[PDB]
Amino acid sequence: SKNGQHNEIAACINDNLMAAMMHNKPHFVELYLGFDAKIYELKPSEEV
Amino acid sequence: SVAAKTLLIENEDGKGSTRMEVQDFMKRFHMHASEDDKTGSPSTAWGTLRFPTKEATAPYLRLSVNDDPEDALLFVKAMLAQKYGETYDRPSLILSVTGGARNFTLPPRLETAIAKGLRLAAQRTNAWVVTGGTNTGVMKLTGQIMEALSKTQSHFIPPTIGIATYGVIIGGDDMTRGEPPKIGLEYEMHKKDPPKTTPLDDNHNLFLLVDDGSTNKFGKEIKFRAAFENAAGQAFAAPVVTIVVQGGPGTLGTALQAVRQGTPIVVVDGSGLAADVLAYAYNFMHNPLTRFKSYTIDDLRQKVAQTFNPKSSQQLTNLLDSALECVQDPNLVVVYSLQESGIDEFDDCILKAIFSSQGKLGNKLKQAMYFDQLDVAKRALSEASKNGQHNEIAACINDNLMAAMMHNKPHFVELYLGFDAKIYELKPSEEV
Amino acid sequence: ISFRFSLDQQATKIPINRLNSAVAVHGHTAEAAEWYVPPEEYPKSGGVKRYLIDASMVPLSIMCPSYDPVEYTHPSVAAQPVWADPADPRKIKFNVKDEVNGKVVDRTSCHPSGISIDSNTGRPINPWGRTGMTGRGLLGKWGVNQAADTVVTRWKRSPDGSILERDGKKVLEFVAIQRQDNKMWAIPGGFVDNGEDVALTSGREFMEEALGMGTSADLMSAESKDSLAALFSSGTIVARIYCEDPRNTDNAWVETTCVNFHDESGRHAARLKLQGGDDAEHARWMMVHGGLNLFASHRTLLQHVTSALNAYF
Amino acid sequence: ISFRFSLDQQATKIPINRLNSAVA
Amino acid sequence: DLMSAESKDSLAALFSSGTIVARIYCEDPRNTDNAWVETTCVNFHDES
Ligand SMILES: Nc1ncnc2c1ncn2[C@@H]1O[C@H](COP(=O)(O)OP(=O)(O)OC[C@H]2O[C@@H](O)[C@H](O)[C@@H]2O)[C@@H](O)[C@H]1O
Ligand SMILES: Nc1ncnc2c1ncn2[C@@H]1O[C@H](COP(=O)(O)OP(=O)(O)OC[C@H]2O[C@@H](O)[C@H](O)[C@@H]2O)[C@@H](O)[C@H]1O
Ligand SMILES: [Mg+2]
Ligand SMILES: [Mg+2]
Ligand SMILES: [Mg+2]
């Protein structure tokens, strides 16, 4: 956050939030949601 | 709504208000038809603006750069005195929020923390917030904060004064032409105008459009804004606190004018750009901590060059000189870091800036009582007790005890009573 | 962590075999024609402009057939006060201490070559280069106008008492005055009066300008007089250089003797009540660093002060 | 704080060019 | 790529203070009886 790099953080925050949801780590879920991870902008790994 | 024909302007003696005609009062404000003009012509552009989805209307005044800030202050006081009566809630704090108009781009967590500090400070002190009048950046953010503030209030609504340079406003042409009392003129932010592209913020409660005869030139309202805040501070005997979040070159000029007029500034470190430049400069010149021993003038020059892009050595020298001139007096600059220090310590920085001034001793204790910092008041009283000054302490202890009683602060009541404040020697503010 | 840093710089940092490899980075850019040329518009003169010259055309050794300076003398100087030399500069002896009306005037320049006297009119010629303008201008004395500058210094200390440290060196603070005429910050000082030395002049100008005690406020207390005398009893002449002053001409130039009064403990410096008086508007304590924008060659003077005290610059 | 003071005075304080301005 | 104006100033500041520490004969494997390498060694020390 201090070192700029906003594109890579925004690119990986969704997948990290998704991964946190899959492995049952609520503290990580709250932590990733506090750092500008939009809850409704998640994407699945495979294609339906 | 019946248009006003006479207005109640408070006298220069500060003892009562005399009623006089509106055209007589408004003659003292000037406008420039062109850059060449110096003496000017009567302004004739004042009234009220109506914004979509806003119930109340917002006043606007077009004045000139050479106009007296006391007259503009009398104008704001006269309108509030007319609308809410003589006994309207006077400000005990003037909070100036300045910074980036367009380049402001900040993480949401940082925005919520800054927003939280501004909302609590504003709600505890009933502060008048003076920002830029436009619908962009930190002004828009501060407008959103006072928009939320405006709902829980019942009687008195604190003004959100917007001071912007006239000539950049898209509805400027529609405001000047016409009769002198313009009651309820509609402001259209989406309306097209080829030369100007900056609209007014719809959440600001009042507007001072400073004009110097210029189209699309910024930063002409900086000196008048600092002077107007200083004039307001002298009139209401209230500390003026400028707050600097991010910012470009005009924010540097705003901070420079603020430090020249004796007004303390609060620089938010970690928000980037000019705030980081000002914070780096203050930390280089004053901070005794170990991590600032590697700070140099060369790295500061590199930061100024990378942030402002001066494109020439003389411009870079002037910007660096101005940045170093801002943080010359260590009392007038208080640096708050957003990241390292805590979330609820921004009000402590604002209170430290208030405490750093010279006068308004009764008022400084009152601000300490508003922010609920018992230790700060205790330390100030103990230092004051050691330093003699018995006449000023006895002169303000009664009013401070009275104020503590009014705002329901029992700890402050016991503390003021322990320091030779006779309980039976209190006096009311007005005369029966 | 502060002590760890302090012990590390005291143990690591305590012409012959010295090489400069900056030519590999820069190229043809180096220190070329490092010479001062004053600005075209003379200060407080009502619009008289000098004869513009390039910085590579300033020294006397270099030939200059197109040199056509303007003759200008200010009306204040031409009105003949007590501190102004006569308009005909003949019979005046330069390079030695000369007595005018029984009062001693220095008149000796720090330049190794000395002052050369023009044979036609008898007026002195500036040895430090051309300035594109003859006559006396704003300066009252032909030749060397002796100035004394007072740099009153103390170590920059935090509220806890520890001295502030930047770039591994201790940080200084000097008393600086804001000049009445061009509103740029400067070291307190003034021209040496007739019959007086640098000792009286340095101290007198500091009290008049920095403190405003030249018949303008009030009489000092016996302990304040003792403290100021204690501060002023230990002064070191750090430099005697040629000023880069914009009022300099070809026949009148300012040369400064710089006197440093350093307060090591900080007791005497804290008792000074700074208030701009005489030809100073405001006076304040200002941190000494290399990026200071001061009047004339005062940055060079501050460099000499920090060089003598092993301070940051 | 005593050590800080001691290191500060050991590093700052370890006829020719000497001027007396007490006459002013 | 071309260096920045502060990177050029920093490298010039580094290169402005160099001390010739030794001028010795190299033990270079390319040395012959009619051609040998002799070195001048320049030390650029960055104290800060
Ligand atoms: N008050 C303004 N409103 C809208 N746009 C502005 C303003 N001032 C400048 N601009 C334009 O927006 C661009 C970005 O401005 P910033 O660098 O973000 O801010 P800065 O230039 O410092 O001006 C901010 C302004 O805010 C006020 O609090 C302060 O008076 C300062 O003038 C600039 O190029 C400028 O042309
Ligand atoms: N020889 C002189 N030349 C010019 N003015 C003089 C002289 N002697 C007295 N004066 C008077 O003193 C006034 C200048 O004030 P001072 O404080 O005495 O001098 P100052 O203007 O501070 O100039 C000296 C300053 O210039 C720098 O080059 C030098 O380092 C010093 O700081 C002038 O207005 C003039 O009336
Ligand atoms: Mg002077
Ligand atoms: Mg003088
Ligand atoms: Mg003087």
# chains A, B, ... in the order shown; residues from 1 in each chain; ligands from 1
call {"tool": "residues_around", "arguments": {"residues": "residue 194 (chain C)", "least_positions_apart": "3", "cutoff": "9 Å", "atoms": "only C-alpha atoms", "output": "ChimeraX atom specification"}}
result
/C:82-83,99-101,103-106,197
call {"tool": "write_last_selection", "arguments": {"atoms": "C-alpha atoms", "output": "PDB file, in the first residue's frame"}}
result
ATOM      1  CA  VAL C  82      28.642  62.122   6.381  1.00  0.00           C
ATOM      2  CA  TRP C  83      29.383  58.550   5.252  1.00  0.00           C
ATOM      3  CA  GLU C  99      42.540  59.263   7.594  1.00  0.00           C
ATOM      4  CA  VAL C 100      39.479  61.255   6.488  1.00  0.00           C
ATOM      5  CA  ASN C 101      38.594  64.180   8.891  1.00  0.00           C
ATOM      6  CA  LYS C 103      38.875  59.323  11.394  1.00  0.00           C
ATOM      7  CA  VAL C 104      40.494  56.156  10.055  1.00  0.00           C
ATOM      8  CA  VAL C 105      39.118  54.392   6.960  1.00  0.00           C
ATOM      9  CA  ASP C 106      40.501  50.957   5.963  1.00  0.00           C
ATOM     10  CA  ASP C 197      36.809  48.967  13.471  1.00  0.00           C
TER      11      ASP C 197
END
call {"tool": "residues_around", "arguments": {"residues": "residue 22 (chain E)", "least_positions_apart": "5", "cutoff": "12 Å", "atoms": "only C-alpha atoms", "output": "PyMOL selection string"}}
result
(chain C and resi 17) or (chain E and resi 38-43)
call {"tool": "write_last_selection", "arguments": {"atoms": "N, CA, C and O atoms", "output": "PDB file, in the first residue's frame"}}
result
ATOM      1  N   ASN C  17      46.748  11.916  -4.133  1.00  0.00           N
ATOM      2  CA  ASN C  17      45.857  10.762  -4.336  1.00  0.00           C
ATOM      3  C   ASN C  17      44.378  11.146  -4.344  1.00  0.00           C
ATOM      4  O   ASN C  17      43.611  10.710  -3.479  1.00  0.00           O
TER       5      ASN C  17
ATOM      6  N   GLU E  38      49.454  -3.661 -16.280  1.00  0.00           N
ATOM      7  CA  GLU E  38      49.700  -2.929 -15.044  1.00  0.00           C
ATOM      8  C   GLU E  38      48.491  -2.067 -14.740  1.00  0.00           C
ATOM      9  O   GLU E  38      47.981  -1.379 -15.627  1.00  0.00           O
ATOM     10  N   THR E  39      48.032  -2.100 -13.497  1.00  0.00           N
ATOM     11  CA  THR E  39      46.757  -1.511 -13.142  1.00  0.00           C
ATOM     12  C   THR E  39      46.949  -0.288 -12.261  1.00  0.00           C
ATOM     13  O   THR E  39      47.961  -0.144 -11.574  1.00  0.00           O
ATOM     14  N   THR E  40      46.081   0.690 -12.466  1.00  0.00           N
ATOM     15  CA  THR E  40      45.922   1.786 -11.522  1.00  0.00           C
ATOM     16  C   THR E  40      44.557   1.502 -10.906  1.00  0.00           C
ATOM     17  O   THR E  40      43.566   1.359 -11.621  1.00  0.00           O
ATOM     18  N   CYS E  41      44.494   1.421  -9.584  1.00  0.00           N
ATOM     19  CA  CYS E  41      43.247   1.071  -8.921  1.00  0.00           C
ATOM     20  C   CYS E  41      42.627   2.319  -8.322  1.00  0.00           C
ATOM     21  O   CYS E  41      43.269   3.023  -7.544  1.00  0.00           O
ATOM     22  N   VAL E  42      41.361   2.579  -8.651  1.00  0.00           N
ATOM     23  CA  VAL E  42      40.645   3.750  -8.156  1.00  0.00           C
ATOM     24  C   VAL E  42      39.487   3.294  -7.285  1.00  0.00           C
ATOM     25  O   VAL E  42      38.645   2.504  -7.724  1.00  0.00           O
ATOM     26  N   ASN E  43      39.447   3.790  -6.053  1.00  0.00           N
ATOM     27  CA  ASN E  43      38.439   3.413  -5.074  1.00  0.00           C
ATOM     28  C   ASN E  43      37.453   4.577  -4.983  1.00  0.00           C
ATOM     29  O   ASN E  43      37.852   5.708  -4.697  1.00  0.00           O
TER      30      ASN E  43
END
call {"tool": "interface_residues", "arguments": {"of": "chain C", "to": "chain D", "cutoff": "7 Å", "atoms": "only C-alpha atoms", "output": "number ranges by chain"}}
result
C: 162, 199-200, 203-204, 229, 232-237
call {"tool": "residues_near_ligand", "arguments": {"ligand": "ligand 2", "cutoff": "8 Å", "atoms": "only C-alpha atoms and all ligand atoms", "output": "PyMOL selection string"}}
result
chain C and resi 77+83-84+138-141+145-149+179+186-193+205+209+243-245+254-256+258+278-279+295-298
call {"tool": "write_last_selection", "arguments": {"atoms": "N, CA, C and O atoms", "output": "CSV table (one decimal), in the first residue's frame"}}
result
chain,number,residue,atom,x,y,z
C,77,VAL,N,23.5,59.4,-2.6
C,77,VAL,CA,25.0,59.5,-2.5
C,77,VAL,C,25.5,60.8,-3.0
C,77,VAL,O,26.3,61.5,-2.4
C,83,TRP,N,28.7,59.8,5.5
C,83,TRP,CA,29.4,58.5,5.3
C,83,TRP,C,29.8,58.4,3.8
C,83,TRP,O,30.2,57.3,3.4
C,84,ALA,N,29.7,59.5,3.0
C,84,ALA,CA,30.0,59.5,1.6
C,84,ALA,C,31.3,60.2,1.3
C,84,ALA,O,31.6,61.3,1.8
C,138,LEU,N,24.9,53.2,-5.5
C,138,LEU,CA,24.4,53.3,-4.1
C,138,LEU,C,25.5,53.3,-3.0
C,138,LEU,O,25.1,53.5,-1.9
C,139,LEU,N,26.7,53.0,-3.4
C,139,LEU,CA,27.8,52.9,-2.4
C,139,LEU,C,28.4,54.3,-2.2
C,139,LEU,O,28.7,55.0,-3.1
C,140,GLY,N,28.7,54.6,-0.9
C,140,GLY,CA,29.1,56.0,-0.6
C,140,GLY,C,30.6,56.2,-0.7
C,140,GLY,O,31.0,57.3,-0.9
C,141,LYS,N,31.4,55.2,-0.7
C,141,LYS,CA,32.8,55.3,-0.7
C,141,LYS,C,33.4,54.7,-2.0
C,141,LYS,O,33.0,53.7,-2.4
C,145,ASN,N,34.2,49.4,-0.1
C,145,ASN,CA,33.2,49.6,1.0
C,145,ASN,C,33.3,48.5,1.9
C,145,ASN,O,32.9,47.4,1.6
C,146,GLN,N,33.9,48.7,3.1
C,146,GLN,CA,34.1,47.7,4.1
C,146,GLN,C,32.8,47.4,4.8
C,146,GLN,O,32.2,48.3,5.4
C,147,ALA,N,32.3,46.1,4.8
C,147,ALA,CA,31.2,45.7,5.5
C,147,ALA,C,31.6,44.7,6.5
C,147,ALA,O,32.6,44.0,6.4
C,148,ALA,N,30.8,44.7,7.6
C,148,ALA,CA,31.1,43.7,8.6
C,148,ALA,C,29.8,42.9,8.7
C,148,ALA,O,28.7,43.5,8.9
C,149,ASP,N,29.8,41.5,8.7
C,149,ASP,CA,28.7,40.7,8.9
C,149,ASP,C,28.8,39.9,10.1
C,149,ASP,O,29.8,39.4,10.5
C,179,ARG,N,15.7,42.0,4.7
C,179,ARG,CA,16.1,43.4,4.3
C,179,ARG,C,14.9,44.2,3.8
C,179,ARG,O,13.9,43.7,3.4
C,186,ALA,N,18.8,37.6,4.8
C,186,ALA,CA,20.2,37.9,4.8
C,186,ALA,C,20.8,37.8,6.2
C,186,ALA,O,20.1,37.9,7.1
C,187,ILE,N,22.1,37.8,6.2
C,187,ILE,CA,22.9,38.0,7.5
C,187,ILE,C,22.9,39.4,7.9
C,187,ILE,O,22.9,40.3,7.0
C,188,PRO,N,22.6,39.7,9.2
C,188,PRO,CA,22.7,41.1,9.7
C,188,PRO,C,24.1,41.7,9.5
C,188,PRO,O,25.1,41.1,9.7
C,189,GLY,N,24.1,43.0,9.1
C,189,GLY,CA,25.4,43.6,8.9
C,189,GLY,C,25.2,45.0,8.2
C,189,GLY,O,24.1,45.3,7.8
C,190,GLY,N,26.3,45.7,8.1
C,190,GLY,CA,26.3,47.0,7.5
C,190,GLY,C,27.7,47.5,7.3
C,190,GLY,O,28.7,46.8,7.6
C,191,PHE,N,27.8,48.6,6.6
C,191,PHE,CA,29.0,49.3,6.2
C,191,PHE,C,29.8,49.8,7.4
C,191,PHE,O,29.2,50.2,8.4
C,192,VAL,N,31.1,49.7,7.4
C,192,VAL,CA,32.0,50.1,8.5
C,192,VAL,C,32.1,51.6,8.4
C,192,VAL,O,32.4,52.2,7.4
C,193,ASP,N,31.7,52.3,9.6
C,193,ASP,CA,31.7,53.7,9.7
C,193,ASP,C,33.1,54.2,9.8
C,193,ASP,O,34.0,53.5,10.1
C,205,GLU,N,25.7,46.7,14.4
C,205,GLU,CA,24.7,46.3,13.3
C,205,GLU,C,23.8,45.2,13.7
C,205,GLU,O,22.7,45.1,13.3
C,209,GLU,N,19.9,45.9,13.9
C,209,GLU,CA,19.1,45.2,12.9
C,209,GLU,C,18.3,44.0,13.5
C,209,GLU,O,17.1,43.9,13.3
C,243,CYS,N,32.1,40.5,-1.9
C,243,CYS,CA,30.7,40.3,-1.9
C,243,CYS,C,30.2,40.2,-3.4
C,243,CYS,O,30.6,41.0,-4.2
C,244,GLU,N,29.3,39.3,-3.6
C,244,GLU,CA,28.5,39.3,-4.9
C,244,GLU,C,27.2,40.1,-4.7
C,244,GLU,O,26.1,39.7,-5.0
C,245,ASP,N,27.4,41.4,-4.3
C,245,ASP,CA,26.4,42.3,-4.0
C,245,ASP,C,25.9,43.1,-5.3
C,245,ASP,O,26.7,43.7,-5.9
C,254,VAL,N,31.6,46.1,-2.6
C,254,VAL,CA,31.5,45.8,-1.2
C,254,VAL,C,32.4,44.6,-0.9
C,254,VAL,O,32.4,43.6,-1.6
C,255,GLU,N,33.2,44.7,0.1
C,255,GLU,CA,34.0,43.6,0.6
C,255,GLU,C,33.7,43.4,2.1
C,255,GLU,O,33.7,44.4,2.9
C,256,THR,N,33.5,42.2,2.5
C,256,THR,CA,33.0,41.9,3.8
C,256,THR,C,34.1,41.2,4.7
C,256,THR,O,35.0,40.6,4.2
C,258,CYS,N,33.7,38.7,7.8
C,258,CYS,CA,32.6,38.0,8.5
C,258,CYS,C,33.0,37.5,9.9
C,258,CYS,O,34.0,36.9,10.0
C,278,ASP,N,15.6,49.0,12.4
C,278,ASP,CA,16.5,49.9,11.5
C,278,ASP,C,16.2,49.4,10.1
C,278,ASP,O,15.0,49.6,9.6
C,279,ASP,N,17.1,48.9,9.3
C,279,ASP,CA,16.9,48.6,7.9
C,279,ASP,C,16.6,47.0,7.8
C,279,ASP,O,17.0,46.3,6.9
C,295,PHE,N,20.7,36.9,0.2
C,295,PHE,CA,21.2,38.0,-0.5
C,295,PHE,C,22.7,38.0,-0.6
C,295,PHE,O,23.4,37.6,0.4
C,296,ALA,N,23.2,38.4,-1.8
C,296,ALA,CA,24.6,38.6,-2.2
C,296,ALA,C,25.4,37.2,-2.0
C,296,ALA,O,24.9,36.2,-2.4
C,297,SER,N,26.6,37.2,-1.4
C,297,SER,CA,27.4,36.0,-1.3
C,297,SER,C,27.3,35.5,0.2
C,297,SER,O,28.3,35.0,0.7
C,298,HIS,N,26.2,35.6,0.8
C,298,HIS,CA,26.0,35.1,2.2
C,298,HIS,C,26.0,33.6,2.4
C,298,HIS,O,26.2,33.1,3.5
call {"tool": "residues_around", "arguments": {"residues": "region 29-31 of chain A", "least_positions_apart": "2", "cutoff": "10 Å", "atoms": "only C-alpha atoms", "output": "PDB file with C-alpha atoms, in the first residue's frame"}}
result
ATOM      1  CA  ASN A  16      -6.979 -13.892  -2.859  1.00  0.00           C
ATOM      2  CA  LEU A  17     -10.435 -13.058  -1.417  1.00  0.00           C
ATOM      3  CA  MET A  18     -11.886 -16.002  -3.409  1.00  0.00           C
ATOM      4  CA  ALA A  19      -9.129 -18.345  -2.080  1.00  0.00           C
ATOM      5  CA  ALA A  20      -9.719 -17.092   1.500  1.00  0.00           C
ATOM      6  CA  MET A  21     -13.430 -17.960   1.086  1.00  0.00           C
ATOM      7  CA  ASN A  24     -12.428 -21.066   5.591  1.00  0.00           C
ATOM      8  CA  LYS A  25     -10.228 -18.201   6.824  1.00  0.00           C
ATOM      9  CA  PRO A  26     -12.682 -15.384   7.912  1.00  0.00           C
ATOM     10  CA  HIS A  27      -9.935 -13.077   9.281  1.00  0.00           C
ATOM     11  CA  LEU A  33     -12.302  -6.915   1.934  1.00  0.00           C
ATOM     12  CA  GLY A  34     -10.866  -3.903   3.793  1.00  0.00           C
ATOM     13  CA  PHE A  35      -8.226  -3.364   1.034  1.00  0.00           C
ATOM     14  CA  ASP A  36     -10.582  -2.323  -1.899  1.00  0.00           C
ATOM     15  CA  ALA A  37     -11.672  -5.795  -2.969  1.00  0.00           C
TER      16      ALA A  37
END
call {"tool": "residues_near_ligand", "arguments": {"ligand": "ligand 1", "cutoff": "7 Å", "atoms": "only C-alpha atoms and all ligand atoms", "output": "VMD selection string"}}
result
chain B and resid 97 to 104 131 to 132 134 136 164 198 218 to 219 221 to 222 247 to 252 254
call {"tool": "write_last_selection", "arguments": {"atoms": "N, CA, C and O atoms", "output": "compact mmCIF listing (two decimals), in the first residue's frame"}}
result
# COMPACT_ATOMS: atom_id res chain seq x y z
N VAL B 97 -9.91 22.99 4.59
CA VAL B 97 -9.47 21.76 3.95
C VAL B 97 -8.99 22.13 2.56
O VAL B 97 -9.79 22.60 1.73
N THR B 98 -7.71 21.93 2.30
CA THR B 98 -7.14 22.21 1.00
C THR B 98 -6.40 20.99 0.47
O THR B 98 -6.07 20.07 1.22
N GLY B 99 -6.15 21.00 -0.83
CA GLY B 99 -5.39 19.94 -1.45
C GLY B 99 -5.71 19.80 -2.92
O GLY B 99 -5.99 20.79 -3.59
N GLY B 100 -5.57 18.55 -3.41
CA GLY B 100 -5.68 18.30 -4.85
C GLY B 100 -7.08 18.44 -5.40
O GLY B 100 -8.03 17.83 -4.90
N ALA B 101 -7.23 19.28 -6.41
CA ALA B 101 -8.50 19.36 -7.10
C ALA B 101 -8.74 18.25 -8.11
O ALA B 101 -9.72 17.52 -7.97
N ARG B 102 -7.76 17.90 -8.94
CA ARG B 102 -7.99 16.87 -9.95
C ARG B 102 -7.12 15.64 -9.78
O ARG B 102 -7.64 14.53 -9.89
N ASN B 103 -5.83 15.82 -9.50
CA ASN B 103 -4.82 14.77 -9.29
C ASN B 103 -5.02 13.91 -8.03
O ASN B 103 -4.32 12.90 -7.87
N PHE B 104 -5.94 14.29 -7.13
CA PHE B 104 -6.31 13.62 -5.89
C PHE B 104 -6.81 12.29 -6.40
O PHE B 104 -7.73 12.21 -7.22
N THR B 131 -13.47 25.30 2.08
CA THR B 131 -12.70 24.58 1.07
C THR B 131 -12.85 25.30 -0.25
O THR B 131 -13.33 26.44 -0.30
N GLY B 132 -12.36 24.67 -1.31
CA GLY B 132 -12.55 25.19 -2.64
C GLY B 132 -13.99 24.90 -3.03
O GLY B 132 -14.56 23.87 -2.69
N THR B 134 -15.21 24.02 -5.96
CA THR B 134 -15.49 23.15 -7.09
C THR B 134 -15.84 21.70 -6.74
O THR B 134 -15.56 21.21 -5.65
N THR B 136 -14.78 18.69 -7.49
CA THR B 136 -13.71 17.76 -7.81
C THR B 136 -12.86 17.53 -6.56
O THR B 136 -12.65 18.47 -5.79
N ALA B 164 -13.51 29.89 -4.59
CA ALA B 164 -12.98 29.43 -5.86
C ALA B 164 -12.66 30.66 -6.68
O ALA B 164 -13.25 31.72 -6.45
N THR B 198 -15.01 23.71 -15.25
CA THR B 198 -15.03 23.31 -13.84
C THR B 198 -16.32 23.72 -13.14
O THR B 198 -16.57 24.92 -12.97
N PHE B 218 -6.00 29.56 -12.61
CA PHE B 218 -6.22 29.09 -11.26
C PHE B 218 -5.26 29.73 -10.28
O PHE B 218 -4.26 30.36 -10.65
N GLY B 219 -5.58 29.56 -9.00
CA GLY B 219 -4.74 30.02 -7.92
C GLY B 219 -4.80 31.49 -7.57
O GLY B 219 -3.96 31.96 -6.79
N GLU B 221 -7.26 32.93 -5.92
CA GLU B 221 -8.07 33.13 -4.73
C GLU B 221 -7.37 32.74 -3.44
O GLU B 221 -7.96 32.97 -2.38
N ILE B 222 -6.10 32.31 -3.52
CA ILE B 222 -5.30 31.75 -2.42
C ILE B 222 -5.03 32.75 -1.29
O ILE B 222 -5.25 32.43 -0.10
N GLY B 247 -2.37 17.32 -2.83
CA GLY B 247 -2.14 18.66 -3.33
C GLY B 247 -1.09 18.78 -4.43
O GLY B 247 -0.24 17.92 -4.64
N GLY B 248 -1.32 19.83 -5.22
CA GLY B 248 -0.47 20.29 -6.30
C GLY B 248 0.27 21.57 -5.92
O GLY B 248 0.50 21.81 -4.72
N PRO B 249 0.76 22.34 -6.92
CA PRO B 249 1.46 23.63 -6.65
C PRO B 249 0.66 24.73 -5.93
O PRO B 249 1.25 25.53 -5.17
N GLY B 250 -0.65 24.82 -6.19
CA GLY B 250 -1.46 25.83 -5.52
C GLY B 250 -1.72 25.52 -4.06
O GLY B 250 -2.00 26.43 -3.27
N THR B 251 -1.69 24.23 -3.70
CA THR B 251 -1.80 23.79 -2.31
C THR B 251 -0.57 24.23 -1.50
O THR B 251 -0.68 24.61 -0.32
N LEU B 252 0.61 24.20 -2.16
CA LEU B 252 1.89 24.69 -1.64
C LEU B 252 1.80 26.19 -1.39
O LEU B 252 2.29 26.68 -0.36
N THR B 254 -1.09 27.81 -0.95
CA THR B 254 -2.11 27.91 0.10
C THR B 254 -1.51 27.74 1.50
O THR B 254 -1.79 28.54 2.41
call {"tool": "interface_residues", "arguments": {"of": "chain B", "to": "chain E", "cutoff": "12 Å", "atoms": "only C-alpha atoms", "output": "list in words"}}
result
residues 293, 294, 295, 296, 298, 299, 300, 301, 302, 303, 304, 305, 306, 311 and 313 of chain B
call {"tool": "closest_atom_pairs", "arguments": {"of": "chain C", "to": "chain B", "cutoff": "9 Å", "atoms": "only C-alpha atoms", "output": "CSV"}}
result
residue,atom,partner,partner_atom,distance
C:1,CA,B:290,CA,6.8
C:2,CA,B:290,CA,5.5
C:5,CA,B:290,CA,7.9
C:156,CA,B:286,CA,8.8
C:157,CA,B:288,CA,8.5
C:158,CA,B:288,CA,6.4
C:162,CA,B:288,CA,7.8
C:163,CA,B:288,CA,8.1
C:164,CA,B:288,CA,5.9
C:165,CA,B:293,CA,6.1
C:166,CA,B:293,CA,5.0
C:167,CA,B:294,CA,5.9
C:168,CA,B:293,CA,7.5
C:285,CA,B:328,CA,8.8
C:286,CA,B:328,CA,7.1
C:287,CA,B:285,CA,7.4
C:289,CA,B:297,CA,8.0
C:290,CA,B:297,CA,7.7
C:291,CA,B:297,CA,6.8
C:292,CA,B:321,CA,7.6
C:293,CA,B:321,CA,7.2
call {"tool": "residues_around", "arguments": {"residues": "residue 32 (chain B)", "least_positions_apart": "4", "cutoff": "7 Å", "atoms": "only C-alpha atoms", "output": "PDB file with C-alpha atoms, in the first residue's frame"}}
result
ATOM      1  CA  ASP B  37      -8.835  47.181 -15.491  1.00  0.00           C
ATOM      2  CA  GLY B  40     -12.981  48.121 -11.501  1.00  0.00           C
ATOM      3  CA  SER B  41     -16.735  48.465 -11.648  1.00  0.00           C
ATOM      4  CA  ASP B 211     -12.337  37.531  -9.596  1.00  0.00           C
ATOM      5  CA  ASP B 212      -9.222  39.268 -10.966  1.00  0.00           C
ATOM      6  CA  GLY B 213     -10.167  39.476 -14.683  1.00  0.00           C
TER       7      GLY B 213
END
call {"tool": "select_by_dssp", "arguments": {"residues": "region 144-296 of chain B", "states": "strand (DSSP E)", "output": "list in words"}}
result
residues 160, 161, 162, 163, 164, 165, 181, 182, 183, 184, 185, 186, 206, 207, 208, 209, 210, 211, 240, 241, 242, 243, 244, 245, 265, 266, 267, 268 and 269 of chain B
